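Participant: Below is the structure I would like to discuss, written out as structure tokens.
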Protein chains: 2
Amino acid sequence: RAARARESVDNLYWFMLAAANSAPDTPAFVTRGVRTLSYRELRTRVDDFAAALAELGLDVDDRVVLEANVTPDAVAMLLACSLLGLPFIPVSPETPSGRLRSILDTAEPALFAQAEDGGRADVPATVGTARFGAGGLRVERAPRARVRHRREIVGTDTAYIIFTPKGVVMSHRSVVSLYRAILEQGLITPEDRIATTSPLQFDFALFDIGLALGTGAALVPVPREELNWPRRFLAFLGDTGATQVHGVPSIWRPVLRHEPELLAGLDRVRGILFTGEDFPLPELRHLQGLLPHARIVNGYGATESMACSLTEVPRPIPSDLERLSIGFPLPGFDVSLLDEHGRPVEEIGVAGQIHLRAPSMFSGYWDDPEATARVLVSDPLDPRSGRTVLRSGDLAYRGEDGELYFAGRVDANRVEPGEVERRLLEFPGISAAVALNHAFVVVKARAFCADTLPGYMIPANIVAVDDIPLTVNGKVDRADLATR
Amino acid sequence: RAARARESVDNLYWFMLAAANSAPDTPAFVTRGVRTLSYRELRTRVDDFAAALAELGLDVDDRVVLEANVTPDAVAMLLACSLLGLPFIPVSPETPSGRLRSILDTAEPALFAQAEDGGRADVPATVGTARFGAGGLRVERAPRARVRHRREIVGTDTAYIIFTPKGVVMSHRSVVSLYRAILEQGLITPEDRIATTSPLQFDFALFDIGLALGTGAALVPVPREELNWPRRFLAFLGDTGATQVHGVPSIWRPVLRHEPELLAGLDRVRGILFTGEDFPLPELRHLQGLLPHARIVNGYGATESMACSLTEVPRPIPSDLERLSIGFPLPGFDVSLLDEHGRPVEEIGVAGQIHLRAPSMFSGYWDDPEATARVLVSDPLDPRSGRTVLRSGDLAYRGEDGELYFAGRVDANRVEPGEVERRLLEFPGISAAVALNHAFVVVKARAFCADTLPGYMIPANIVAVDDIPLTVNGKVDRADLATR
Ligand SMILES: N#Cc1cccc([C@@H](N)CC(=O)NS(=O)(=O)OC[C@H]2O[C@@H](n3cnc4c(N)ncnc43)[C@H](O)[C@@H]2O)c1
Ligand SMILES: N#Cc1cccc([C@@H](N)CC(=O)NS(=O)(=O)OC[C@H]2O[C@@H](n3cnc4c(N)ncnc43)[C@H](O)[C@@H]2O)c1
């Protein structure tokens, strides 16, 4: 009686589990005793959860909150939801109870599912509740009864909604199109093991899952508890034989500061990928110098398209380089830089706002058509067609070869805090530095800065801190540094 | 310097010319001396026209009017436009000068191209003019100079705009998705020869071209001058060895009336496909009876998605059958029937308005965002997602097996003119009949009707005519029958 996605129709289930056929006994997951779960064993768990979910009578586009971090079970669940056309709303179990309630209030989901040993208690009787474990999907409270109206699942049905409360609605067509564009850029082979560090609620986690599983590679989820301590993190990457390490730039900060020599011992690491924010070039040069056999890729994009461009950093990074390139749009993606009148910028080195044409475009903001119409706008170079572009909120300029350079959020003398942080990171004893004019440093600095920086770039205040504070998703917490 | 579509990005060029690689010497076209043009020779002409077009400096999404009927040269041109991301506006050379001017006024194209021996004179100096022939593309007036801004072609770039002045904007992604859905329904093999009868300006022509060329089959364009006379039309189908015959129901009307015995001699015809309007069941039963080895397929859909469903008619058609089924949506398509409150109709045999979820959805109506927002509407079963559906303007009901039945335009006792026309087509001496209560017949009838029809279905007037008048696209011209 449940609709199931057909194999020919774009859908995360068929896309991520194709390797269960061509390579059933190859590893889909490596976890830590180092264990592997094969593609066949993963499809078996997905099919079991999907048989259980199908009993609940949910209609296509009924929303399932998945509270978990990246685990074989949580990935088995989101793929079960995918086959049944039930958009998942991934929520980290670290999300505060209040923030979760606010998501439940707006998203009005039919079902909330967490791990057997999950800790969430606060869930209204309108929302069904279930727990999943290699034991199976276990319904605690059934979702409330309904009449199914959707006969067939399509490409534009929602795969997932990302909540930060702003909800980015992504279709199977959009996310599969992104995975296919990256498969074309041979970032990954089937023999790779991708260490993934992002919270499940961050699309960087969904990007890592699909890149691994869509390629026939193994995923190595790094638990936050392993990530937070430098020797522990390095022993986890060594033990699991990780070949690729994905994370926001901050994942390296403790290892660079405390354990650079053990970091150099990661001889199986072939590739590093970051996204989310600028990697401070002094830390990035330090990292590159320790792992000279690891390709480093600058990943640019936003939740609204999942991603835009993948750009290998120069080897070595020029000492004098001020900004890494964010390169060229993925195959099938296109950028217009438009000025403050909405006109194309053709001039080398002049910033405009990125307007992205992407096959991975979000459907809209959940229950916010006004916000949707401000962001997903009529193509300003062809406004009579009804074609839309993403008005990204990001500034960029091109260089002489047409490559892009990120130039900050349009809404956040032009100060480049990156140049302030660079000069400070070049001062004896400073391991980290964030500017917002206040500079915060992890450990005279003022005169060292003034020896090369213009007057408007010299910090008014330089504040010693034990660490750079991070958001749940691992980005610099500038709100937090503001408070103190 | 011209952007060209990449092979990995949905685009009519790569989709229709893949057979130039796997089967270069197989026929792409059969024309009438019976000649063939191979896939390789077709790609050569496409590449030549595209090299010439690229010289003109047009930007991606610059519009090219193609005035032609279905010919190897006109198909070579629309595929050249496709590779360069130049949406084509196909216009039949039968279109009156006034109607063309009205299209030029709204669409403001950069270029108008016609055949060497084309007859159009009326084209403003703002629009470039060119003529194409196996000689090459020949520029008469260059388009006016411009700066190119688009770096890369994407999936959602416009393939073509259909004008009837209402302009349906179709993307490469939408039209390729439709061709792929039909390739999955093995309508056609590479050994087939598809006789196509629609004017190039009608998307039925574009449907036929892509089905043939995307499959590696041969296209057999039927010129209007061959189509208009019954023995001439049958000799053309015989000489070219057509294996499939596509056209609106009216293409059969003269052959059924004048040459039924020669029609039975079409021994190579394996398949017939119609769309656009109801096939009057008495003519359809007559046709099916003459070619018992031809599968007949009822094709339902609209320009806004190119198509929706393909449904093989029963063999034989039950004598008592009142309506052919329009079956089930193509793989990856989904229909909701919604009532006059906007609520799902689940009841067998109750009509509602078709809301279509389609991967082949139009981008919008050219320079008409108001009309777009009335037709491409928020999914009424999931309106907070920003997902849209086509509000089709078509009524339908389901039968016991969930199959659809077309029940007329929402805007056009409920009279079923089909039942009035049926009873008249069953009266001795009537070969055709159209009701609009007035009935028009091609050659006491009133009492024959009253012997089985309810009072409200009995024509007030029965008018003998020499023929049923047709639109350019070959549909019944009810406006025309109204005048007289
Ligand atoms: N390649 C790649 C790739 C792979 C996985 C997931 C993603 C993104 N969804 C990650 C992300 O932070 N998205 S965001 O919407 O929260 O915030 C997006 C914003 O974060 C900033 N950003 C994102 N990438 C950045 C980069 N490489 N350098 C500098 N800033 C970058 C930009 O402002 C951007 O609009 C990209
Ligand atoms: N399968 C298939 C297939 C292949 C090629 C091209 C097409 C359509 N684009 C043809 C067409 O007439 N489109 S229309 O937009 O002008 O007018 C559409 C309208 O014409 C009517 N229509 C279209 N198909 C019909 C059918 N099979 N039976 C009855 N009516 C039908 C409906 O009202 C529909 O909304 C369909």
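Starting from 1 in every chain, residues are counted up; chains themselves are A, B, ... following the order of the structure tokens, and ligands are numbered from 1 as listed.
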Pick out the residues no farther than 8 Å from ligand 1, counting only C-alpha atoms and all ligand atoms, and list them as a PyMOL selection string.

Facilitator: chain A and resi 202-208+274-279+298-310+326+392-394+406+408-409

Participant: Would you write out those residues with N, CA and C atoms, as an mmCIF file, in the first residue's frame?

Facilitator:
```cif
data_model
loop_
_atom_site.group_PDB
_atom_site.id
_atom_site.type_symbol
_atom_site.label_atom_id
_atom_site.label_comp_id
_atom_site.auth_asym_id
_atom_site.auth_seq_id
_atom_site.Cartn_x
_atom_site.Cartn_y
_atom_site.Cartn_z
ATOM 1 N N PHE A 202 23.827 19.196 9.499
ATOM 2 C CA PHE A 202 24.548 20.104 8.580
ATOM 3 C C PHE A 202 24.615 19.409 7.237
ATOM 4 N N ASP A 203 24.350 20.070 6.117
ATOM 5 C CA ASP A 203 24.294 19.311 4.834
ATOM 6 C C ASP A 203 25.671 18.777 4.423
ATOM 7 N N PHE A 204 26.752 19.269 5.026
ATOM 8 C CA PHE A 204 28.121 18.773 4.783
ATOM 9 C C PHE A 204 28.170 17.269 5.096
ATOM 10 N N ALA A 205 27.490 16.857 6.154
ATOM 11 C CA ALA A 205 27.295 15.412 6.486
ATOM 12 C C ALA A 205 26.579 14.683 5.337
ATOM 13 N N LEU A 206 25.487 15.259 4.819
ATOM 14 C CA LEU A 206 24.735 14.630 3.695
ATOM 15 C C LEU A 206 25.578 14.633 2.432
ATOM 16 N N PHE A 207 26.359 15.688 2.228
ATOM 17 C CA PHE A 207 27.309 15.723 1.093
ATOM 18 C C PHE A 207 28.287 14.549 1.230
ATOM 19 N N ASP A 208 28.890 14.363 2.419
ATOM 20 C CA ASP A 208 29.901 13.289 2.618
ATOM 21 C C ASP A 208 29.236 11.918 2.401
ATOM 22 N N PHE A 274 37.501 20.915 2.841
ATOM 23 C CA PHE A 274 36.832 21.779 3.815
ATOM 24 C C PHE A 274 35.802 22.598 3.056
ATOM 25 N N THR A 275 34.848 23.126 3.788
ATOM 26 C CA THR A 275 33.883 24.114 3.247
ATOM 27 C C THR A 275 33.382 24.893 4.446
ATOM 28 N N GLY A 276 32.449 25.823 4.235
ATOM 29 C CA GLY A 276 31.715 26.478 5.330
ATOM 30 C C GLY A 276 32.221 27.853 5.650
ATOM 31 N N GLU A 277 33.543 28.061 5.589
ATOM 32 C CA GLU A 277 34.180 29.362 5.902
ATOM 33 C C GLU A 277 35.599 29.295 5.373
ATOM 34 N N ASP A 278 36.222 30.460 5.295
ATOM 35 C CA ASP A 278 37.654 30.606 4.942
ATOM 36 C C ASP A 278 38.516 29.813 5.920
ATOM 37 N N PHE A 279 39.492 29.115 5.351
ATOM 38 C CA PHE A 279 40.571 28.457 6.118
ATOM 39 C C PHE A 279 41.664 29.512 6.278
ATOM 40 N N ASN A 298 39.260 23.222 -1.456
ATOM 41 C CA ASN A 298 38.410 24.331 -0.997
ATOM 42 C C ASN A 298 36.988 24.084 -1.588
ATOM 43 N N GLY A 299 36.017 23.669 -0.769
ATOM 44 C CA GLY A 299 34.622 23.490 -1.245
ATOM 45 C C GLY A 299 33.780 24.722 -0.917
ATOM 46 N N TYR A 300 33.222 25.384 -1.924
ATOM 47 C CA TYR A 300 32.339 26.568 -1.771
ATOM 48 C C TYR A 300 30.895 26.162 -2.099
ATOM 49 N N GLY A 301 29.971 26.559 -1.209
ATOM 50 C CA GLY A 301 28.546 26.617 -1.557
ATOM 51 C C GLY A 301 27.718 26.805 -0.346
ATOM 52 N N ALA A 302 26.405 26.692 -0.525
ATOM 53 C CA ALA A 302 25.434 26.973 0.540
ATOM 54 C C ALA A 302 24.366 25.884 0.511
ATOM 55 N N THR A 303 23.627 25.764 1.604
ATOM 56 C CA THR A 303 22.577 24.740 1.762
ATOM 57 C C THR A 303 21.589 24.838 0.583
ATOM 58 N N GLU A 304 21.338 26.038 0.090
ATOM 59 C CA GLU A 304 20.301 26.307 -0.898
ATOM 60 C C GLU A 304 20.614 25.577 -2.209
ATOM 61 N N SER A 305 21.881 25.181 -2.466
ATOM 62 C CA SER A 305 22.250 24.329 -3.626
ATOM 63 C C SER A 305 23.060 23.118 -3.235
ATOM 64 N N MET A 306 23.156 22.880 -1.928
ATOM 65 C CA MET A 306 24.171 21.987 -1.290
ATOM 66 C C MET A 306 25.589 22.493 -1.589
ATOM 67 N N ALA A 307 26.006 22.570 -2.843
ATOM 68 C CA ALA A 307 27.368 23.117 -3.119
ATOM 69 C C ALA A 307 27.383 23.788 -4.491
ATOM 70 N N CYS A 308 28.487 24.447 -4.791
ATOM 71 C CA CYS A 308 28.694 25.238 -6.025
ATOM 72 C C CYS A 308 30.021 24.830 -6.688
ATOM 73 N N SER A 309 31.170 24.959 -5.999
ATOM 74 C CA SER A 309 32.476 24.711 -6.672
ATOM 75 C C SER A 309 33.440 23.979 -5.736
ATOM 76 N N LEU A 310 34.272 23.123 -6.323
ATOM 77 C CA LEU A 310 35.372 22.375 -5.658
ATOM 78 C C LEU A 310 36.669 22.797 -6.331
ATOM 79 N N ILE A 326 37.955 30.051 -5.199
ATOM 80 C CA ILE A 326 36.812 29.106 -5.179
ATOM 81 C C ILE A 326 36.469 28.697 -6.618
ATOM 82 N N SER A 392 22.721 34.701 -3.865
ATOM 83 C CA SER A 392 23.434 33.875 -2.857
ATOM 84 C C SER A 392 23.685 34.592 -1.522
ATOM 85 N N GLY A 393 23.717 35.926 -1.523
ATOM 86 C CA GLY A 393 24.138 36.702 -0.322
ATOM 87 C C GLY A 393 25.657 36.776 -0.184
ATOM 88 N N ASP A 394 26.390 36.187 -1.137
ATOM 89 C CA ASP A 394 27.871 36.131 -1.178
ATOM 90 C C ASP A 394 28.411 37.079 -2.242
ATOM 91 N N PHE A 406 36.019 34.401 -3.119
ATOM 92 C CA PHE A 406 34.951 34.761 -2.133
ATOM 93 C C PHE A 406 35.341 36.098 -1.503
ATOM 94 N N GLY A 408 33.110 37.715 0.969
ATOM 95 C CA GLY A 408 32.331 37.884 2.205
ATOM 96 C C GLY A 408 30.846 37.975 1.895
ATOM 97 N N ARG A 409 30.031 37.919 2.944
ATOM 98 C CA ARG A 409 28.554 38.000 2.859
ATOM 99 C C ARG A 409 28.264 39.427 2.463
#
```

Participant: Any idea what's packed within 8 Å of residue 76 (chain A), counting only C-alpha atoms, ignoring anything in its chain fewer than 2 positions away? Could you give it as a VMD selection string?

Facilitator: chain A and resid 42 to 43 45 to 46 49 72 to 74 78 to 80

Participant: For chain B, report every residue with an atom at most 6 Å from chain A (counting only C-alpha atoms), formatted as a ChimeraX atom specification.

Facilitator: /B:9,152,154,332,334,363-364,366-367,384-387

Participant: I need the residues from that last selection saved to file as an mmCIF file, in the first residue's frame (with N, CA and C atoms), if you can.

Facilitator:
```cif
data_model
loop_
_atom_site.group_PDB
_atom_site.id
_atom_site.type_symbol
_atom_site.label_atom_id
_atom_site.label_comp_id
_atom_site.auth_asym_id
_atom_site.auth_seq_id
_atom_site.Cartn_x
_atom_site.Cartn_y
_atom_site.Cartn_z
ATOM 1 N N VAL B 9 25.704 17.504 -19.307
ATOM 2 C CA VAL B 9 24.599 18.412 -18.903
ATOM 3 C C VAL B 9 23.419 18.173 -19.857
ATOM 4 N N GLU B 152 28.720 29.418 -18.801
ATOM 5 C CA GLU B 152 28.407 27.974 -18.970
ATOM 6 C C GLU B 152 26.909 27.798 -19.194
ATOM 7 N N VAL B 154 23.500 25.519 -18.721
ATOM 8 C CA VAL B 154 22.999 24.581 -17.657
ATOM 9 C C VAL B 154 21.799 23.813 -18.196
ATOM 10 N N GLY B 332 7.809 8.669 -13.085
ATOM 11 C CA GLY B 332 8.369 9.931 -12.593
ATOM 12 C C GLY B 332 7.345 11.053 -12.682
ATOM 13 N N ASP B 334 3.149 12.224 -11.683
ATOM 14 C CA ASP B 334 2.109 11.918 -10.672
ATOM 15 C C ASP B 334 0.952 12.892 -10.858
ATOM 16 N N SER B 363 9.131 26.087 -17.636
ATOM 17 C CA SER B 363 9.763 27.098 -16.750
ATOM 18 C C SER B 363 8.737 28.178 -16.437
ATOM 19 N N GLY B 364 7.837 28.495 -17.378
ATOM 20 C CA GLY B 364 6.931 29.637 -17.200
ATOM 21 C C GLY B 364 6.370 30.080 -18.525
ATOM 22 N N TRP B 366 6.227 32.983 -21.309
ATOM 23 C CA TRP B 366 7.150 34.060 -21.717
ATOM 24 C C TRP B 366 6.558 35.443 -21.373
ATOM 25 N N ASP B 367 7.296 36.243 -20.622
ATOM 26 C CA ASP B 367 6.956 37.626 -20.239
ATOM 27 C C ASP B 367 5.554 37.677 -19.651
ATOM 28 N N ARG B 384 3.383 24.229 1.822
ATOM 29 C CA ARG B 384 4.461 24.937 2.584
ATOM 30 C C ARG B 384 5.861 24.610 2.026
ATOM 31 N N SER B 385 6.014 23.642 1.111
ATOM 32 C CA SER B 385 7.331 23.141 0.616
ATOM 33 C C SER B 385 7.906 24.057 -0.470
ATOM 34 N N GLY B 386 7.033 24.762 -1.180
ATOM 35 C CA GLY B 386 7.413 25.567 -2.359
ATOM 36 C C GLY B 386 7.441 24.684 -3.597
ATOM 37 N N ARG B 387 7.169 23.382 -3.487
ATOM 38 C CA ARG B 387 7.027 22.518 -4.688
ATOM 39 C C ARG B 387 5.809 23.014 -5.487
#
```

Participant: Excluding residue 430 (chain A) and its own-chain neighbours fewer than 5 positions away, which residues fall within 12 Å of it when counting only C-alpha atoms? Please give them as a ChimeraX atom specification.

Facilitator: /A:257,282-283,421-425,439-443,445,462-467

Participant: Any chance you could list, as a PyMOL selection string, the residues in region 115-253 of chain A that come up alpha helix (DSSP H) when DSSP is run on the backbone?

Facilitator: chain A and resi 172-183+203-215+224-227+230-239+253

Participant: Could you please take those selected residues and save N, CA, C and O atoms as a short mmCIF file (atom, residue, chain, number, x, y, z; two decimals), in the first residue's frame?

Facilitator:
```cif
data_model
loop_
_atom_site.label_atom_id
_atom_site.label_comp_id
_atom_site.auth_asym_id
_atom_site.auth_seq_id
_atom_site.Cartn_x
_atom_site.Cartn_y
_atom_site.Cartn_z
N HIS A 172 14.98 15.24 -4.13
CA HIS A 172 15.82 14.13 -4.63
C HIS A 172 16.51 14.59 -5.92
O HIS A 172 17.73 14.41 -6.01
N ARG A 173 15.79 15.24 -6.83
CA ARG A 173 16.42 15.67 -8.12
C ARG A 173 17.63 16.57 -7.82
O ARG A 173 18.71 16.33 -8.39
N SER A 174 17.48 17.55 -6.91
CA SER A 174 18.52 18.54 -6.61
C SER A 174 19.72 17.81 -6.00
O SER A 174 20.84 18.04 -6.48
N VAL A 175 19.52 16.97 -4.99
CA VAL A 175 20.68 16.41 -4.26
C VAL A 175 21.37 15.37 -5.15
O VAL A 175 22.62 15.37 -5.20
N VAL A 176 20.60 14.54 -5.89
CA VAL A 176 21.22 13.52 -6.78
C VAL A 176 22.05 14.25 -7.86
O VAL A 176 23.16 13.79 -8.14
N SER A 177 21.55 15.35 -8.41
CA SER A 177 22.24 16.16 -9.44
C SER A 177 23.56 16.66 -8.85
O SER A 177 24.58 16.66 -9.53
N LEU A 178 23.56 17.07 -7.60
CA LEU A 178 24.84 17.52 -6.99
C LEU A 178 25.84 16.36 -6.89
O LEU A 178 26.98 16.52 -7.29
N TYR A 179 25.44 15.22 -6.33
CA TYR A 179 26.28 14.00 -6.25
C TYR A 179 26.83 13.61 -7.63
O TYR A 179 28.04 13.30 -7.75
N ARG A 180 25.97 13.60 -8.67
CA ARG A 180 26.44 13.25 -10.03
C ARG A 180 27.48 14.25 -10.53
O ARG A 180 28.42 13.77 -11.14
N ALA A 181 27.32 15.54 -10.29
CA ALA A 181 28.29 16.56 -10.76
C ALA A 181 29.66 16.27 -10.10
O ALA A 181 30.71 16.40 -10.78
N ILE A 182 29.64 15.93 -8.82
CA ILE A 182 30.91 15.67 -8.10
C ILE A 182 31.49 14.32 -8.53
O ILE A 182 32.71 14.24 -8.66
N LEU A 183 30.67 13.30 -8.74
CA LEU A 183 31.18 12.01 -9.28
C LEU A 183 31.94 12.31 -10.57
O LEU A 183 32.91 11.60 -10.82
N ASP A 203 24.35 20.07 6.12
CA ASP A 203 24.29 19.31 4.83
C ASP A 203 25.67 18.78 4.42
O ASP A 203 25.75 17.94 3.51
N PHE A 204 26.75 19.27 5.03
CA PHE A 204 28.12 18.77 4.78
C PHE A 204 28.17 17.27 5.10
O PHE A 204 28.84 16.48 4.35
N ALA A 205 27.49 16.86 6.15
CA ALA A 205 27.30 15.41 6.49
C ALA A 205 26.58 14.68 5.34
O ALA A 205 27.09 13.65 4.81
N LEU A 206 25.49 15.26 4.82
CA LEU A 206 24.73 14.63 3.70
C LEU A 206 25.58 14.63 2.43
O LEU A 206 25.56 13.62 1.72
N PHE A 207 26.36 15.69 2.23
CA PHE A 207 27.31 15.72 1.09
C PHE A 207 28.29 14.55 1.23
O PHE A 207 28.51 13.86 0.27
N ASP A 208 28.89 14.36 2.42
CA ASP A 208 29.90 13.29 2.62
C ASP A 208 29.24 11.92 2.40
O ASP A 208 29.80 11.03 1.78
N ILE A 209 28.07 11.71 2.98
CA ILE A 209 27.38 10.39 2.88
C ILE A 209 27.18 10.03 1.40
O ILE A 209 27.61 8.95 0.97
N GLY A 210 26.64 10.95 0.61
CA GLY A 210 26.30 10.61 -0.78
C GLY A 210 27.53 10.44 -1.63
O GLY A 210 27.53 9.55 -2.45
N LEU A 211 28.56 11.25 -1.41
CA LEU A 211 29.83 11.13 -2.15
C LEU A 211 30.43 9.72 -1.90
O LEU A 211 30.75 9.04 -2.85
N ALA A 212 30.54 9.29 -0.65
CA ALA A 212 31.02 7.94 -0.29
C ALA A 212 30.09 6.89 -0.90
O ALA A 212 30.55 6.03 -1.66
N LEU A 213 28.82 6.93 -0.51
CA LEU A 213 27.92 5.78 -0.84
C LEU A 213 27.63 5.77 -2.34
O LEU A 213 27.51 4.71 -2.89
N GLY A 214 27.50 6.93 -2.97
CA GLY A 214 27.27 6.99 -4.41
C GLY A 214 28.45 6.50 -5.20
O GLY A 214 28.24 6.12 -6.35
N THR A 215 29.66 6.53 -4.65
CA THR A 215 30.90 6.14 -5.36
C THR A 215 31.18 4.66 -5.13
O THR A 215 31.99 4.08 -5.84
N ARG A 224 31.93 13.16 17.49
CA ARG A 224 32.34 14.45 18.12
C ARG A 224 33.30 14.17 19.31
O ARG A 224 34.26 14.94 19.50
N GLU A 225 33.11 13.06 20.02
CA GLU A 225 33.90 12.75 21.23
C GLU A 225 35.32 12.36 20.83
O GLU A 225 36.24 12.63 21.60
N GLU A 226 35.51 11.85 19.61
CA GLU A 226 36.85 11.47 19.10
C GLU A 226 37.51 12.71 18.54
O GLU A 226 38.72 12.90 18.77
N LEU A 227 36.72 13.55 17.88
CA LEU A 227 37.15 14.79 17.17
C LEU A 227 37.71 15.84 18.15
O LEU A 227 38.64 16.62 17.76
N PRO A 230 43.01 16.05 20.26
CA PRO A 230 43.89 15.89 19.10
C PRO A 230 44.51 14.49 18.94
O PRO A 230 44.35 13.95 17.87
N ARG A 231 45.16 13.91 19.95
CA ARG A 231 45.75 12.55 19.80
C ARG A 231 44.61 11.57 19.58
O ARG A 231 44.75 10.61 18.79
N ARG A 232 43.50 11.74 20.28
CA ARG A 232 42.37 10.80 20.11
C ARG A 232 41.89 10.84 18.64
O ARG A 232 41.63 9.76 18.04
N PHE A 233 41.79 12.04 18.07
CA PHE A 233 41.27 12.24 16.69
C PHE A 233 42.23 11.57 15.70
O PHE A 233 41.77 10.79 14.80
N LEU A 234 43.54 11.78 15.90
CA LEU A 234 44.59 11.22 15.01
C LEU A 234 44.64 9.70 15.11
O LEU A 234 44.82 9.08 14.05
N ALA A 235 44.54 9.10 16.29
CA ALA A 235 44.47 7.64 16.49
C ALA A 235 43.23 7.07 15.81
O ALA A 235 43.32 6.01 15.21
N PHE A 236 42.09 7.79 15.81
CA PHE A 236 40.87 7.32 15.13
C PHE A 236 41.09 7.27 13.61
O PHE A 236 40.76 6.23 13.02
N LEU A 237 41.64 8.34 13.03
CA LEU A 237 41.96 8.41 11.56
C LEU A 237 42.96 7.31 11.14
O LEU A 237 42.69 6.63 10.14
N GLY A 238 44.01 7.07 11.94
CA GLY A 238 44.99 5.97 11.76
C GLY A 238 44.36 4.58 11.84
O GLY A 238 44.54 3.84 10.89
N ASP A 239 43.65 4.26 12.92
CA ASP A 239 42.98 2.96 13.18
C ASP A 239 41.98 2.65 12.06
O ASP A 239 41.89 1.48 11.70
N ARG A 253 42.30 22.61 14.09
CA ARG A 253 42.94 23.67 14.88
C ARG A 253 43.67 23.02 16.06
O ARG A 253 44.84 23.30 16.28
#
```

Participant: Give me the residues near residue 347 (chain A) as a list in words, where near means some atom within 10 Å (using only C-alpha atoms) and where sequence neighbours in that chain fewer than 2 positions away do not count.

Facilitator: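 Residues meeting the cut-off are residues 344, 345, 349, 350, 351, 397, 398, 399 and 400 of chain A.
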
Participant: Residues as selected, C-alpha atoms, written as an mmCIF file, in the first residue's frame, can you do that?

Facilitator:
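Output (part.cif):
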```
data_model
loop_
_atom_site.group_PDB
_atom_site.id
_atom_site.type_symbol
_atom_site.label_atom_id
_atom_site.label_comp_id
_atom_site.auth_asym_id
_atom_site.auth_seq_id
_atom_site.Cartn_x
_atom_site.Cartn_y
_atom_site.Cartn_z
ATOM 1 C CA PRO A 344 26.776 41.932 -14.999
ATOM 2 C CA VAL A 345 30.302 42.682 -13.665
ATOM 3 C CA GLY A 349 38.967 42.028 -9.680
ATOM 4 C CA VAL A 350 35.606 43.858 -9.197
ATOM 5 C CA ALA A 351 33.211 42.209 -6.644
ATOM 6 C CA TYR A 397 35.311 38.779 -7.916
ATOM 7 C CA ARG A 398 37.044 36.997 -10.830
ATOM 8 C CA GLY A 399 40.754 36.885 -11.560
ATOM 9 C CA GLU A 400 42.525 36.989 -14.960
#
```

Participant: Please return as a PyMOL selection string: the residues of region 187-384 of chain A that backbone DSSP assigns to strand (DSSP E or B).

Facilitator: chain A and resi 193-196+218-221+244-246+271-274+295-300+309-312+327+334-338+344+352-357+364-365+376-378
